[PDB]
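Tertiary structure, described
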There are 2 protein chains.
Amino acid sequence: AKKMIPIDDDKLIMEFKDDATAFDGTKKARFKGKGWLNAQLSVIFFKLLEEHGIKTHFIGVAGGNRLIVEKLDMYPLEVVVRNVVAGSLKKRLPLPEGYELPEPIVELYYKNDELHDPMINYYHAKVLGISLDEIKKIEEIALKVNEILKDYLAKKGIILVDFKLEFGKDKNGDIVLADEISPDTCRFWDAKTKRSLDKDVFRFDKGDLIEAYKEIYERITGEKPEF
Amino acid sequence: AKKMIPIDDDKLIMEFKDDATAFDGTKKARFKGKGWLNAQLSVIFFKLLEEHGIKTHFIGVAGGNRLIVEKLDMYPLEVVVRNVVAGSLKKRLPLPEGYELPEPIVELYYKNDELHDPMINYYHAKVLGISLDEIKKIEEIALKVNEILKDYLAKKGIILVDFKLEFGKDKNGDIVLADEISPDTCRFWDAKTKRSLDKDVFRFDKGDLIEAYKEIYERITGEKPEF
Ligand SMILES: Nc1ncnc2c1ncn2[C@@H]1O[C@H](COP(=O)(O)OP(=O)(O)O)[C@@H](O)[C@H]1O
Ligand SMILES: Nc1ncnc2c1ncn2[C@@H]1O[C@H](COP(=O)(O)OP(=O)(O)O)[C@@H](O)[C@H]1O
Ligand SMILES: Nc1ccn([C@@H]2O[C@H](COP(=O)(O)OP(=O)(O)O)[C@@H](O)[C@H]2O)c(=O)n1
Ligand SMILES: Nc1ccn([C@@H]2O[C@H](COP(=O)(O)OP(=O)(O)O)[C@@H](O)[C@H]2O)c(=O)n1
Ligand SMILES: [Mg+2]
Ligand SMILES: [Mg+2]
C-alpha cells in the first residue's frame, strides 16, 4: 500500500498508494484518493502523538501522498492493540463482535511473509533477538498510543476498536513509532450507529471505502477533503 | 485418552485408556498397553517432580491404568514448554526441525474445543480471568518442571524436545500441576539417533507406538514393562 524511497542515510520518503489489498493479497482494488487520505490522517495522528510525547518517525510532508520520515532499524513486528472484539480476536476468545474488553489487549505478530505473520509471544520475540526490556517498552508505548487515540477519537463520536502499529530503533537505540496510522491499519466505528469507517468496508463490502475514509477525515479535521 | 471418575469432594480417579487420537481427532487407533505405559510414566514423572518440590495433583495409584488425584479448579490452559524446534513451532519461527533453542520457549494455549485450542498471551488470559501474577507463577513452575525433566532425561540418553502441562487451583488457592505427563504429551528423542520415542510415531507413522513407548519406559526405569 506504500512506496519507501531513500534520500540519504538519515531519512526516507513514505509514499501512500491508491491500492487496497485484503485476505493475504487475494482481494485487490484501487481507490482514487485513498493514498491522499491515508497520508493526511497519518500526519494528523503522528502530530497528535508527538505533542503527547510519543517518539515517532514523522519528519515532514513532501506534497500530496508523500511523507518524510526518519529511517529506522525496524523490529519485525506488528503490534496490535484491541479495545472492542472484532476480526481475528473472535477466533481466540469466545466473545461476540462488539464486546467491550475489560482492559486493552496487546498482541504481537511476527512480520514474516513466508509464515503469514503468525502471532507470537515474548519468548518467540527473544529468539528473534528482541529482549524482554525492548518488548515491555514497545507495549508500554502501544498502550499509551491507544489511550491518546481512543480519547481524542471518542470526543469525535468515533470508537477505536483496534489497530496495528510498527516500531523501529533509531541511532540512539530509542524505540520509535513507525509505518502508518490510517483507516487501513485501524478499526474505527461510529459511536452511535457502530458502523465501520475503515478498511473493513473494503474487506466485507460494507459500502464505499472512499466515502467512509472521507467521513473519518471530515469528522476529525472539521473540513472536507481537498485532494 | 483418559477417563475422570469422581470419588468425593476431594479426589478423582484418573484412568488412562488405550485410545490414541491426532489431528483434531481425525486420526484414531487403539494400542493395547498404551494406557498402562502412560499411567506408569505419569506416576514416575509426578514422583520425580514432587521430590523436587513441585506441587502436583498426584495422590496415589489405583491398580493398573488408574491414578488417584486431587480434584482441582482447572485453569483452561495448555502450557507448552519447548527446548528444540518441532511441530507447530516451525510455523511461527523460520527455523528447522531439530534447531536447539538459545533458551526455552513457553507458549499458552486456550483449552477450548469450539476454537480448537488457539494460542493466547497474558492479555487474553486476563480477559479469561487469569491474573498476571497467576500466569507468572504458572510459567515459573513450567520452566522448573522443564529443567528437572530435561536434566533427568538427558542423563538417560533422551532429549526433551517439548511438552504440554496443565494446571489447576487447590482449596488453598495454590497452583498445582495437573493432568498427565507421558509420551502422549511430550516429545522425547533418542540423544544419539535423534529419533522419536513419543506420540509422533503415531502422528507420522514412524514405526510402532507401543515399541517406542516401551523403549521410553525401559530406558527410564531400567526394567521391561510387565503390564
Ligand atoms: N521509519 C521507517 N524506517 C524504515 N522502514 C519503515 C519505516 N516505517 C515503515 N517502514 C517499513 O516500510 C514498509 C512500508 O510499506 P508497506 O506497504 O507497509 O510494506 P509492507 O507490505 O511490507 O507492510 C514496511 O515494510 C514497513 O515496516
Ligand atoms: N486434578 C485434576 N482435577 C480436575 N480435572 C483435571 C485434573 N487433571 C486433569 N484434569 C482434566 O480432566 C481431563 C482429563 O482427560 P483428557 O483425556 O485429558 O480430557 P481432554 O480431552 O479434555 O484433554 C482434562 O479435561 C483435564 O484438563
Ligand atoms: N497485517 C495487518 C493485520 C492487521 N492489521 C490491523 O490490525 C487490527 C487487527 O486486525 P485483525 O487481527 O482482526 O486481523 P484482520 O481482521 O485484519 O485479518 C485491524 O485494525 C487491522 O486493520 C493491519 O493493519 N495489518
Ligand atoms: N493439545 C495438545 C497439543 C500439544 N501437545 C503436546 O505439546 C507439545 C507441543 O506440540 P505442538 O505445539 O507442536 O502441537 P502438535 O505438533 O502436537 O500439533 C508436543 O509434545 C505435543 O505432544 C499436547 O499434549 N496436547
Ligand atoms: Mg504495511
Ligand atoms: Mg487431555
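Residues numbered from 1 in each chain as written, not as in the entry; some residues may be left out. Chains lettered and ligands numbered in written order. Heavy atoms only, no water. Residues with missing side-chain atoms left out of burial classes, pairs and counts.

Per the PDB entry, chain A goes by the name Phosphoribosylaminoimidazole-succinocarboxamide synthase and belongs to Pyrococcus horikoshii. For this entry, the PDB title field holds "SAICAR synthetase (Type-2) in complex with ADP and CDP".

The number of helices and strands found in chain A is five helices and 14 strands. Radius of gyration (C-alpha) of chain A: 17 Å, near the 17 Å computed for a compact globule of 227 residues. Along the longest, intermediate and shortest principal axes, the C-alpha atoms of chain A span 45 × 45 × 35 Å. In chain A, 58% of the contacts between residues at least 6 apart in sequence involve partners at least 24 apart. (Helix = DSSP H or I, 4+ residues; strand = E, 2+ residues; numbered from the N terminus. Rg over C-alpha atoms; globule rule 2.2 N^0.38 Å. Contact = heavy atoms within 4.5 Å.)

Residue and element names in this part refer to chain A. Taken together, 13 residues sit near ligand 1, with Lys 2, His 57, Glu 70, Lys 111 and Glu 166 positioned nearest. Side-chain polar atom of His 57 to a nitrogen atom of ligand 1: 2.8 Å apart, as the coordinates give it. The separation between a nitrogen atom of ligand 1 and a polar main-chain atom of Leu 72 is 3.2 Å. Bound to the protein, ligand 1 loses 71% of the 540 Å² it would expose on its own. Looking at the shell around ligand 1, its residues break down into six nonpolar, one polar and six charged. (Near = heavy atom within 4 Å. Polar contact = N/O pair within 3.5 Å; in protein donor to acceptor, adjacent residues only side chain to side chain. Areas by Shrake-Rupley, 256 points an atom, 1.4 Å probe, with all protein chains shown as cover. Nonpolar A, V, L, I, M, F, W, Y, C, P; charged D, E, K, R; others polar.)

Residues and elements named next belong to chain B. Lining the immediate surroundings of ligand 4 are 14 residues, of which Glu 78, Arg 82, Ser 88, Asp 162 and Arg 187 lie closest. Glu 78 has a polar side-chain atom sitting 2.9 Å from a nitrogen atom of ligand 4. The contact in question runs from an oxygen atom of ligand 4 to an N or O atom on the side chain of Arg 187, over 2.6 Å. Of the residues in the shell around ligand 4, the class split is four nonpolar, three polar and seven charged.

All names here are of chain B. Taken in spatial order, the four strands line up as β1-β2-β6-β5 in an open sheet, and their pairing is antiparallel. One side of each edge strand has no neighbouring strand; the edge strands of this open sheet are β1 (2-6) and β5 (58-61). Strand-to-strand twist in this sheet, taken as the mean axis angle between neighbours without regard to direction, amounts to 25°. Direction of pairing for β5 relative to strand β6 (residues 66-70): antiparallel, over a ladder of three bridges. For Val 61, the partnering residue across the bridge sits in β6 and is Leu 67. (Pairing = 2+ DSSP bridges. Axes fitted to C-alpha atoms, helices over the stretch in contact; angles between N-to-C directions.)

Residue and element names in this part refer to chain A. Within the open sheet, the five strands sit side by side as β10-β9-β8-β11-β14. Their pairing is antiparallel. With partners counted over all chains shown, the strands left at the sheet margins are β10 (119-120) and β14 (186-190), one partner each. As paired elements, strand β11 (residues 158-165) and β14 share five bridges and run antiparallel to each other. Residue pairing for β14: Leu 160 is matched across the bridge by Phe 188. On the sheet, helix α3 (residues 132-154) packs against β8 (77-84), β9 (100-110), β11 and β14 and is oriented at approximately 155° with respect to β11.

Here the focus is the pairing of strand β3 (residues 19-22) of chain B. All names here are of chain B. A one-sided burial pattern is seen for β3, the buried positions being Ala 20 and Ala 22 and the unburied ones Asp 19 and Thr 21. In terms of strand pairing, β3 meets strand β4 (residues 27-30) through four bridges, oriented antiparallel. The partner of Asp 19 across the bridge, within β4, is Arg 30. Where β3 folds back onto β4 in an antiparallel hairpin, the turn is made up of four residues, including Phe 23, whose phi is positive at roughly 50°. (Buried < 20%, exposed > 50% of the residue type's maximum accessible area, 1.4 Å probe, protein only.)

Turning to the relation of the copies chain A and chain B, a few remarks are in order. Take chain A, turn it by 180°, move it 0.0 Å along the axis, and it overlays chain B with an RMSD of 0.0 Å. Such a turn and shift between the copies fits a two-fold axis. Of the C-alpha atoms belonging to chain A, the one lying closest to the rotation axis is found on A:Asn121, 3.2 Å away. When the interface residues of chain A are mapped onto chain B, 100% of them again lie at the interface, so the same face is used by both copies. (Least-squares fit on C-alpha atoms.)

All names here are of chain A. Domain boundaries assigned for chain A yield domain 1 (1-72 + 209-227) and domain 2 (73-208). Centre-to-centre separation of domain 1 and domain 2, based on C-alpha positions: 17 Å. Tallying the contact residues gives 39 residues for domain 1 and 41 residues for domain 2. For the pair domain 1 and domain 2, the two sides together bury roughly 3400 Å², of which 63% comes from carbon and sulfur. Contact with domain 2 buries area across many residues of domain 1, yet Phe 45, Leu 72 and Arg 219 alone supply 21% of it, more than any other trio. Taken together, the connections running from domain 1 to domain 2 amount to seven salt bridges. (Domains from an automatic or database assignment. Buried area = accessible area lost by both parts, 1.4 Å probe. Salt bridge = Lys/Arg side-chain N within 4 Å of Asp/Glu carboxyl O.)

What follows covers the packing of helix α1 (residues 34-51) of chain A against α3(A). Residues and elements named next belong to chain A. Interhelical geometry of α1 versus α3 gives an angle of 115° and a closest axis separation of 10 Å. Between α1 and α3 the crossing geometry is right-handed. Of α3, the residues touching α1 (which contributes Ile 44, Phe 45, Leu 48 and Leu 49) are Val 145, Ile 148, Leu 149, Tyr 152 and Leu 153. Residue classes in the contact of α1 with α3 are distributed as nine nonpolar, no polar and no charged. (Left-handed = near helix turned anticlockwise from the far one by under 90°.)

What follows covers the nonpolar core. Formed by 136 residues in total, the largest nonpolar core has its most connected members in A:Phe167 and B:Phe167. If we ignore the near neighbours within four places in the chain, the residues touching B:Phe167 are B:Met74, B:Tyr75, B:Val79, B:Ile138, B:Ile141, B:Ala142, B:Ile175, B:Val176, B:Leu177 and B:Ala178. In terms of nonpolar packing, the next biggest core, distinct from the first, is built from six residues, A:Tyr109, B:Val80, B:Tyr109 and B:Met119 among them. (Core = buried A, V, L, I, M, F, W, Y, C linked by side-chain atoms within 4.5 Å.)

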